[PDB]
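Only one chain comes next, encoded as structure tokens, the form deposited in one PDB entry.
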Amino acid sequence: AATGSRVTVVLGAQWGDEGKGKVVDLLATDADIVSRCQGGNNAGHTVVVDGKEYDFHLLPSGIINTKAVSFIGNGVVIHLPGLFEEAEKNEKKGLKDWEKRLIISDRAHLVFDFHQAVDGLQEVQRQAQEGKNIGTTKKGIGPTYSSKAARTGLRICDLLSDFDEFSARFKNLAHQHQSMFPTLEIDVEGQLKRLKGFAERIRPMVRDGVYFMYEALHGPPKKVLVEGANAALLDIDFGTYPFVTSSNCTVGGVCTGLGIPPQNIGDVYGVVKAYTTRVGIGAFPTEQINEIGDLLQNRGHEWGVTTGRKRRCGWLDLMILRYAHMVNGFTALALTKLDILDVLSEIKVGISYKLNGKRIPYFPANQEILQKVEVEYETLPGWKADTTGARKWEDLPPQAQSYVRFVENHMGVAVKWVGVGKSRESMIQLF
């Protein structure tokens, strides 16, 4: 009994937007604590409940549950204006008293306005220099994580202690950035004044995260859910570097982002989209830039929530999925957006990569290889039926069931949930 309760984790198995918001929301209906451990508002998690659609970024998807406490861990990078802008957008949607059930770890870093600006600048510069950038969301994520590593970045506890010292620190950080980009513009006083206001507003929600999570896991039994952001193949260490985000999206980030040891990690769910999508620049072996790709974008609404920019779509790729499983060790899968495939007569899924007719042994650490590989596909018969109303395993048509099995079998992990729709009820639990 020395260990304590174990947290349940929801992670992205591909390149993001797999449906983490939907899955977390489903599992949070009876959770005591729902939390974020890494990333920032570069993430976007859609939740649909009772004909009401929510859009979360920094707020844990469970913020909807009024009887649960939403928690932002030390691994997350916070942009205060964005944080509150997100809250008010959702307030106008029925979200009430969120500030009373939201706890923020005082060790989390802060994304300053100039971090986002420098993100835009680097992106543009890298574009006019090497004719290709990363495709960042420009939310200042990379620069803030860069400031973290340098130990020059500022944290929540800093913003809450003596403001005079915080200002001095802020100014210094600001300068070091204007040096980086002499073109960078920073109204230090205007931003410190806004930050002064955010401090007051955020003060009552702040707490020591390490202690908060410890007590939660070692006192009376509680259900703790951890919502990962971004995805396995976007992981700073294991993704398609450098075309990745700047945090660990894989399982390890749960430990480093909340300060809990491995023995306090229970079920780890891998959310896998029935087909593959990507947003920024980077290799994408199964990318269909054709009628099929167009059919998946439209049927899957694959485009930026505010930007409208269409996401790149492709067939399910088992190579990245098995690789993702190697690092995350999923205990079960959530196969989402199956209904998208209701219209195809046949479905292709990549089973391996080839170079000179021979299957390569493992996923390439060098991104450039992925561009030179030939994807070996297997063609499965479609079900040409509406699974949208399916609520139980038996309601799925033979070819749909077979599709699910194909995923389980080849990954070596059992499918626990099948998504057939955007809303919370549009789900099938297999066990």
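Heads up, when I say rigid core I mean the largest set of C-alphas that superpose within 1.5 Å between the two forms. Residue positions are given as counts along the sequence shown, with the first one as 1.
The next section is about a form of this same protein that is not shown, the form deposited in another entry.
A 2 Å or larger CA shift between the shown form and the other one, after fitting on the rigid core, occurs at just one of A332, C255, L192, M326, namely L192. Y269: CA moves less than 2 Å between the shown form and the other one after rigid-core fitting.
A movement of the C-alpha atom of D235 falling short of 2 angstroms is seen between the shown form and the other one when the two forms are aligned on their rigid core. Superposition of the core reveals a Cα shift of less than 2 Å for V224 between the shown form and the other one.
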